[PDB]
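Novice: These protein sequences, in sequence, are chains A and B.
Using my numbering, read the first sequence as starting at 20 and increasing by one per residue.
Using my numbering, read the second sequence as starting at 20 and increasing by one per residue.
This structure is in structure tokens; I'll ask about it shortly.
Number of protein chains: 2
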Amino acid sequence: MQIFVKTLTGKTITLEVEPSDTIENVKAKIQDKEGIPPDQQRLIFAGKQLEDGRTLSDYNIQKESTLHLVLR
Amino acid sequence: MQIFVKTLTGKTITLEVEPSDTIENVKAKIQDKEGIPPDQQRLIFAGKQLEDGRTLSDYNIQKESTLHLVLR
């Protein structure tokens, strides 16, 4: 399924993922596309910070869901 | 003395500093805690941008003062 990630600068990125994909895997996909190291990235969905040891399905993230990316 | 630094994402960081500490030293402390390189950080206090060659006392920053961090 496709998901969207918005940046602090107003950019939107589209990613192809599976509900069984891990958050760490998602961060890795972002690194590949934007060059941002996973340790400097924070992912938020519906006001909650997503953990690297959990999956998309655990957060009930559905197709065309939009995640927010924060930089540290 | 303790000071506070707020981020663009709404996070607040507490740092231990001395009035004789330099702004560059303060940035270095932030790098250690957040991983943000000093060249990408801008510190603002009471509407003024702080320079790397000046100290906290020069800006009359007192205990429990709150600084604002900007990213470039």
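Don't be surprised by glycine CBs; every beta carbon is placed ideally from N, CA and C.
According to DSSP, simplified to helix, strand and coil, what is residue 35/A?
Specialist: Walking along the first sequence from the start, residue 35/A turns up at place 16. Reduced to three states, the DSSP call for residue 35/A is strand.
Novice: Report yes or no: is there a C-beta of chain B within less than 8 Å of the C-beta of residue 59/A?
Specialist: Your numbering for residue 59/A matches position 40 in the first sequence. True, the Cβ-Cβ gap to chain B drops below 8 Å.
Novice: Going by C-alpha to C-alpha distance, which of 64/A, 48/A, 65/A, 63/A sits closest to residue 57/A?
Specialist: What you label residue 57/A is simply residue 38 of the first sequence in a count that begins at 1. The shortest Cα separation from residue 57/A among 64/A, 48/A, 65/A, 63/A belongs to 48/A.
Novice: Which value, in whole angstroms, describes the spacing of the CA atoms of residue 46/B and residue 43/A?
Specialist: Against the second sequence, residue 46/B aligns to sequence position 27. Against the first sequence, residue 43/A aligns to sequence position 24. Using only the alpha carbons, I get a separation of about 29 Å.
Novice: Determine the direct distance from the alpha carbon of residue 91/A to that of residue 89/B, and round the result to whole angstroms.
Specialist: The count along the second sequence starts at 1 and reaches residue 89/B at position 70. The count along the first sequence starts at 1 and reaches residue 91/A at position 72. Computed Cα separation, rounded: 11 Å.
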